[PDB]
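Asks: Handing you a structure now.
Positions of Cβ are backbone-derived with ideal geometry, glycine not excepted, and every protein chain shown enters the neighbour counts. Each reported figure results from applying straightforward, stated rules to the coordinates on display, with no laboratory input.
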Ligand code: HEM
Ligand code: HEM
Ligand code: HEM
Ligand code: HEM
C-alpha cells in the first residue's frame, strides 16, 4: 500500500526487464509495475500533504501516474506480441517520466 | 524545411519555454514547436533511408511525432489559459518523447 | 459504490453537461464523473466474472477506464478555463469510449 | 488530395475491414485509412472556410483527425500481432469519432 513500497517495486522490476531475455519474463515484470503504479496513483507524497486534494499539484501528481500507467500498458502490449527488444526499449524510456515527477514532487 | 531545421526550432523553443516569464512567451514558443513537429512528420531520417515508407520503423517514427504533436497541443491549452508553470512542466514531460524518438532513430 | 451506481452517475452527468448553461455546471458534472470512473476501475463486470484478474480481458477493461479518466480530465481543463462549448464537445467525443467498452463487456 | 477523396477512402476501407477474414487484409486496409486521415488533417472543410486558421474550430477540426489517426494506429497494432477480431472491433468503433466530427463540421 505504502508509496515507498510501490516505488521499490517500480524500481526492482525495471532492473528485471533490463536483464530479461524473453517475452514472458518481460510481461510478468510489466504487470507488477502496472499494479504498483495503479496503487501509487491514490497516495499523498510527503511534499504535498499541505495541498488541497483538488489542487493543481495533486491533479498533476495523479496525472503523472496516469502517464506512467499508459506507457506501461504500451510496453506490455509489445511483450504480448513477442516484441521483446521493443518492449525493453519502452521500459528503459519510462525513466524519463519517473524523473519528471521526482523533479517536481520527490 | 529540413529535418535538421525542424529540430533546431524544436530545441531553441524548449529553452525559450524554460526561461519564459509569462504566458504569451510560452504560447508563442509552443505554436512554433507545433509547426515544426507537423513539418518534421513527413521526413525520412538518414537511419531509415533504406527502409520502406511502410516499414514497422517508419510507422513508429511518424507515431512519435503524433505524440509530440498531442503533447504540444495540450501545453498550448494551458498557456492559452495563462497557466504558465503548468505549461513549463508540460514542456519538461514533453522531453521524454524527444528522447525516445532519438534513442531509436538518431 | 456499485458498478451499476458508478454507471448511473456517469450517465446522469453527461446529460447535465449537454444541458448546462455555464462552466460551473459542466465543471461540477465532470468532477462527479472523474470520481465515478476511478471507483468503477476496480470492478469486475458480470461478463468477466469467470476470467482471471490478469486476463487480456480484465487488462483491456481497466484500460478503457484509463482512457475515460484522461478524457474527463482534459474536459475539466477546458471547463476550468471557462470554455463551455468546447467542454461539451469533449463530452460528446467521450461517449465513444463509453460505447467501445459497452460493446466488448456489457 | 481532396477532402472528398480522403473521406471516400476512409469509408471504403472500413467496409473492407468489416468483410476481412485475416490479419494481412486488415492491416492493408488500416494503412490506407491512416494515409487518408493524415492527408485530410491539413484541409479546410466547406463549413470552416471563413474561420481563422488559428481558430478554436480549426484546432479542434485538426484535433479530430489526430484522435482518428491515433485509433487507427491502435487498430493497426492489433492486426500486426495477429489479433484480427480485436482489430475489426476497433475499426467498427472508429465510426463514433467519424460521427462526432461530422456532427460539428460536415
Ligand atoms: C518507473 C518509474 C519510477 C521509478 C523506478 C521510481 C522510483 C522511486 C524510488 C526508488 C524512490 C525512493 C528514493 C528514496 O528513498 O530517496 C521514489 C520516491 C518517490 N517517487 Fe518515484 N519512481 C517512479 C515513478 C514515479 C512517479 C511517476 C511519481 C509521481 C507521479 C513518483 C513520485 C515519487 C515521490 C513523490 C517519491 C518520494 C517518496 C517519499 O517522500 O516517501 N515516482 N521513486
Ligand atoms: C521537442 C522535442 C525534440 C527536440 C528538442 C529535438 C532536438 C533535436 C536536435 C537539436 C537535433 C539535431 C542536432 C543534434 O544532433 O542534437 C535532433 C535530431 C533528430 N531528431 Fe529530434 N528533437 C525532438 C523530437 C524528435 C522526435 C519526436 C523525433 C521523431 C518522432 C525526432 C527525430 C530526430 C532524428 C531522426 C534526428 C537526426 C536527423 C539528422 O541526422 O539529420 N526528434 N533532434
Ligand atoms: C461516460 C461514459 C459511460 C456511460 C455514460 C455509461 C453508462 C452506463 C449505464 C447507464 C449502464 C447501466 C444501465 C444500462 O444497462 O444502460 C452501464 C453499464 C455498464 N458499463 Fe458503462 N458507461 C460508460 C462508460 C463505461 C466504461 C468506460 C466501461 C469500461 C471500461 C463501462 C463498462 C460497463 C459495464 C461492464 C456495464 C454493465 C454492468 C452490469 O451489468 O452491472 N462503462 N454503463
Ligand atoms: C472512418 C472515419 C470517417 C469516415 C468513414 C468518414 C466518411 C465521410 C463521408 C462518406 C463523407 C461524404 C458524405 C457526403 O458527400 O455527403 C464525409 C464528409 C466529411 N467529413 Fe468525414 N469521415 C470520417 C471521419 C471524419 C473526421 C474525423 C472528420 C473531421 C475531423 C471528418 C470531417 C468531414 C467533413 C467536414 C465532411 C464534409 C465534406 C465536404 O463538405 O466537402 N470526417 N466523411
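Asks: Taking residue B:82 and the conditions (1) on the phi < 0 side of the Ramachandran plot; (2) away from ligand 1 (no atom under 16 Å from the Cβ), which numbered condition does it fall short on, given that it satisfies the others?
Replies: (1)
Asks: Every residue in the stretch C:65-80 that is farther than 21 Å from residue D:104 by Cα and surrounded by fewer than 19 Cβ atoms within 10 Å (Cβ to Cβ), please.
Replies: C:66, C:67, C:70, C:73, C:80
Asks: While we're here: Taking only the stretch C:1-20 into account, find how many residues are in contact (Cβ under 8 Å) with a residue 40 or more places away in the chain, surrounded by fewer than 19 Cβ atoms within 10 Å (Cβ to Cβ) and farther than 27 Å from residue C:59 by Cα.
Replies: Residues in the stretch C:1-20 being in contact (Cβ under 8 Å) with a residue 40 or more places away in the chain, surrounded by fewer than 19 Cβ atoms within 10 Å (Cβ to Cβ) and farther than 27 Å from residue C:59 by Cα: 1 in total.
Asks: Residue D:106 versus (1) away from chain C (no Cβ under 11 Å); (2) in contact (Cβ under 8 Å) with a residue 40 or more places away in the chain; (3) surrounded by 16 or more Cβ atoms within 10 Å (Cβ to Cβ): which is the lone unmet condition?
Replies: The single condition residue D:106 does not satisfy is (3).
Asks: Out of the residues in the stretch D:21-47 that are closer than 19 Å to residue D:77 by Cα and exposed (fewer than 14 other Cβ atoms within 10 Å of the Cβ), which is farthest from ligand 1 (Cβ to nearest atom)?
Replies: D:21
Asks: Sort through A:100, A:91, A:87 and tell me the only one that's more than 16 Å from residue A:43 (Cβ to Cβ), crowded, with 18+ Cβ neighbours inside 10 Å and within 11 Å of the chain's Cα centre (by Cα).
Replies: After ruling out the rest, the residue left standing is A:91.
Asks: In addition: Within the stretch A:40-87, can you find the residues that are more than 9 Å from every other protein chain (Cβ to nearest Cβ) and touching a residue at least 60 places away in the same chain (Cβ under 8 Å)?
Replies: Passing the criteria: A:45, A:84, A:87.
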